[PDB]
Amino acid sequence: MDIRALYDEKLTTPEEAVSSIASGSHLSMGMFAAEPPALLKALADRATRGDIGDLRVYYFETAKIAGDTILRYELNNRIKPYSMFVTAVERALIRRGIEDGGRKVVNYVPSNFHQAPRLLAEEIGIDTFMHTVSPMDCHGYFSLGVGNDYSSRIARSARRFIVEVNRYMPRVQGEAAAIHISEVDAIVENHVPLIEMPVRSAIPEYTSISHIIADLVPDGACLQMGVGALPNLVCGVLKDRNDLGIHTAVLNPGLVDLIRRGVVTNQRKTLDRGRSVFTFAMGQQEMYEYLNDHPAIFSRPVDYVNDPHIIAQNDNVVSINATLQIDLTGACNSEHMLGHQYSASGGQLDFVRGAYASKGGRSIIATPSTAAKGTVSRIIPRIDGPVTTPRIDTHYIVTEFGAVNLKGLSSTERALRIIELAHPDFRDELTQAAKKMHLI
């Protein structure tokens, strides 16, 4: 209740804030832009000085912030990445480890993103949680801002919660998004712009793909857009729609643009009517600023947002996810690393399932048909190893050559229709392959 007093008792330096974290304990942090740079630098420094060891860090959605501090290769003997999702940061670490005498340096923790809250709080257990927050308001509350995800839960279930106040972090309304100072163990202040997702140049194939996808988006569709450039870039084509809704895991600039234009009203949703629901946000500064105190944008935790049963309660859900490869059985693969699968923990399958279960819903998985200047086919005979989207779950697939609904189709019907979405240069090859596999 004496908010000023509490703030001044809890306010400290980043070095002091991280100084009592035990060795051999479990730490977690916010996703992406919520990773707190001052705390993480101080924690890394602690490891550099030899003053902490066996620290397991459990996390999703890596940013350069962690990549350049606690996840630096030279510290991996002291701060151990227990990555629950593998990004370019971890790929670089993994590759460097193999080159360095066949060393394992990333400890992948297989999981479902939608189960991350209970997994982190219960099976794993988190001793310290750290997250960037918006400044304290006059009622004593901080906001998790661009985060909700697992963070709203672990901020409370962790034995210690340390915040990094940043005036660049928007004050976001949402379920369990606000945290009272009495629930915070320590505070540091570090006012710096949030890290930005790099803006990506649109490749030509996205034009056709965006137009095919647009025609599959019905009146009053309830949108989810997966991570990546393509789902972001498809929003531009929806500029002339009306009464769309949002219920998405990641909130991106494309979706916020539709909000700003008044295309998104959320008035046809069954749940959260009148507000755009998301579980974490990635974008650029103008998007981040726009979230501040927005009364029609409402974050919710991932065990709600990515629950296929919840997703399905809204009619006409459209889920738009990107993938890297599609094989002739209709299985899809979003994982960059060869002969490994770390991207099934990303939550896209929750929306593949939820969108199909939605009345009038559609799940779309889209990719350009080729890579490497047309020399490599993204439509392939057979994904090598575990897939991201099982062939039994795939609904629509899209390339720049059109769309196919796979549900109910035989192996033969799938193979023949999928081949016609491949680039012309590969169709004969794929057809021969289908026969060898005895799909046709």
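In case it trips you up, residue 1 is the first one in the sequence shown, and so on.
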Averaging CA B factors per stretch from the PDB record, which one is higher: 397-405 or 378-386? 378-386
Output the stretch having the higher mean C-alpha B factor in the entry; the candidates are 298-306 and 135-143. 135-143
362, 91, 247, 171, ranked by C-alpha B-factor: the highest one: 91
Among 180, 261, 118, 160, which carries the highest Cα B-factor? 261
Third of chain Cα B-factors occupied by residue 254: middle
By the recorded C-alpha temperature factor, relative to the other modelled residues in its chain, which third is residue 65 in? middle
Looking at the entry's B-factor column for C-alpha atoms only, identify whether residue 29 ranks in the lowest, middle or highest third of its chain. lowest
Select lowest, middle or highest to describe the third in which the CA B-factor of residue 165 falls within its chain in this entry. middle
Going by the CA temperature factor in the PDB record, which third of the chain does residue 41 belong to: lowest, middle or highest? middle
